[PDB]
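Next comes just one chain, in structure tokens: the form deposited in one PDB entry.
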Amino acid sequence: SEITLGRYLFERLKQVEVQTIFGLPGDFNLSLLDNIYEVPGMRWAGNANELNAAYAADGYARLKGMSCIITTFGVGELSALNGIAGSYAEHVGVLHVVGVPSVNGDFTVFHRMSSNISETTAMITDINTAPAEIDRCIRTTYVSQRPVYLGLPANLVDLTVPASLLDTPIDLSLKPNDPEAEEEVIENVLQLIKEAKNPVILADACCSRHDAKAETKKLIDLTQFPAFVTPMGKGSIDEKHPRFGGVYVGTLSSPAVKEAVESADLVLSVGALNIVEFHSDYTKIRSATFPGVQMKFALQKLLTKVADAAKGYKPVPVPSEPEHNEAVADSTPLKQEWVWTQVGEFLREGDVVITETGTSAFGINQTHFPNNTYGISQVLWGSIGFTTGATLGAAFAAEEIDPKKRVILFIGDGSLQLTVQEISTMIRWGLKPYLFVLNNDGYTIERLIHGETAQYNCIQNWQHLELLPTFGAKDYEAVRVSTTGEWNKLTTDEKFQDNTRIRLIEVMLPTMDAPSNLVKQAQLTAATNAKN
């Protein structure tokens, strides 16, 4: 019993819970894409461009575990590179499959360019090794949580392989740690906890996706050591935990936090990216690296002895934050510093919260999350326009995990323009995210760094409210809000709290308005001779 190599790839992806395939059709992938619709429960998103398709891929993978984007030779694959690169930077497992031609010259140039931002690459040439090659690409995507480049010649896709190949699972397991090296780490780490009187735990972004979110809460529960998140790790620790201290942003952490960490005699850095760092692939203790000793197992073994070594530690108190705003008049103009606190009131368990590079990125580090809130903020790579695509991907994946689950984007009016057309494919699929667009008449974060009045921080002014209908939506909500009362009236409306249709909320804000600790930040950077 015989299937196409095409069908084999999608059946493989299906087995790793990848239901939606991103990308755009072209000459060298059309035959491959047919196979999607021979595997039940699979779909082609039909993206509005390849850059957006890769951002969506990224989004999808963050929620689902990995993703797949298919493009065409040259024109397709090159359009996606900034997306791929961001996935590489932030450790998101995205399989990039390029349909290529049959098997200035140099048909390999694009393959070499993607090698730079890929964990591994394959150019399938051989119908007989192709199944193992696909399998190795998927494993590597999943386990390494980095993009993988798979070139698939258009003449091999509809060549057939034994269906019973699908009956051996792909091995998604980590290879264990060298016990001796691992025992060394544990030994040392345990010594450091025995000495220290005031350790903190720092959760970085890797908690969620590498499943050490569960190990991280147990370390907290067993130590009662205070626990903070980086902007990227925000959501990794449920924020209603007594020992949650808040978001460590370094120089920009609210004062309590800033010193709270800095005052610590031992830092246990988890998912990181007298200090101990647990990374997915290795760990480091003070200066000494320890390659191969993986956080999953390392941390597992640590939990079994952590109580013992922390016997004596007296739980240090932790930063509270002004959970709620004050009442003010209904006519009060919206300000960023009011909005990110108020956004707390609106979030629920199970929400996916996505914040664009800009004010939104800083803003959300001031918002209280309920438990089981999945944060997405691309603080390392920092490519504006990311979040539009990422919203689509996340909304697909959240659809397949749990329909209840709400997708909430905060995007600047600037950032929206780069990737605006991907709203289209949200609509075509009847996805129902909350698109909060921060209209501050341009690039306010840059206005905050250089050229308050420079023309390159000005943007063409769009009619946000008409985006949805223009892109062909027949069942939607678009609304503008400028005041406290307008915000409250919309967001405490129970109708509105139900992810019942795609919504665009245009949030009218001053041009120079910003979260207070971005504000001060540049009050500090513009008065200083510290420079680049």
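Definition used throughout: the rigid core is the maximal C-alpha set that superposes within 1.5 Å between two forms. A residue's number is simply how far along the shown sequence it sits, counting from 1.
**Student:** Between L273 and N274, what class does the number of missing deposited residues fall in: none, 1 to 3, 4 to 9, or 10 or more?
**Tutor:** According to the record, 10 or more deposited residues lack coordinates from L273 to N274.
**Student:** With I459 and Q460 adjacent in the shown sequence, let me know how many deposited residues between them lack coordinates: none, 1 to 3, 4 to 9, or 10 or more.
**Tutor:** In the record, the chain runs straight from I459 to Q460 with none unmodelled.
**Student:** Check the entry's C-alpha temperature factors for 459-467 and 44-52, then say which stretch has the higher mean.
**Tutor:** The stretch with the larger average C-alpha B-factor is 459-467.
**Student:** If you average the CA temperature factors over each stretch, which comes out higher, 251-259 or 238-246?
**Tutor:** Looking at the record's C-alpha B-factors, the answer is 251-259.
**Student:** Which listed residue, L166, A132, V318, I84, has the largest C-alpha temperature factor in the record?
**Tutor:** Comparing C-alpha B-factors across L166, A132, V318, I84, the top value belongs to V318.
**Student:** Sorting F73, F290, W338, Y374 by Cα temperature factor from the record, which one lands on top?
**Tutor:** It is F290.
**Student:** Determine, from the deposited record, the chain-internal third of the Cα B-factor for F225: lowest, middle or highest.
**Tutor:** For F225, the deposited C-alpha B-factor lands in the middle third.
**Student:** Going by the CA temperature factor in the PDB record, which third of the chain does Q300 belong to: lowest, middle or highest?
**Tutor:** CA B-factor rank for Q300: middle third.
**Student:** So where's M508 on the chain's Cα temperature factor ranking, which third?
**Tutor:** Ranked within chain, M508 CA B lands in the middle tercile.
**Student:** If you rank the chain by CA B-factor, which third does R286 end up in: lowest, middle or highest?
**Tutor:** Top third by C-alpha B-factor.
**Student:** Would you please rank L418 by its C-alpha temperature factor against the other modelled residues of its chain and give the third it falls in: lowest, middle or highest?
**Tutor:** Ranked within chain, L418 CA B lands in the lowest tercile.
The form deposited in another entry exists for this protein as well; it is not shown, and the discussion that follows is about that form.
**Student:** Give the option from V98, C206, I201, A361 whose C-alpha shifts by 2 Å or more between the shown form and the other one; the alignment is on the rigid core.
**Tutor:** Single hit from the list, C206.
**Student:** Please say whether, between the shown form and the other one, the C-alpha of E323 moves by 2 Å or more once the core is aligned.
**Tutor:** Passes the 2 Å threshold, so yes.
**Student:** Honestly, after the rigid core fit, is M512 moving at least 2 Å at Cα between the shown form and the other one?
**Tutor:** Shift of 2 Å or more: no.
**Student:** Would you say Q460 moves between the shown form and the other one, meaning its CA shifts by 2 Å or more once the core is fitted?
**Tutor:** False for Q460: its C-alpha shift is below 2 Å.
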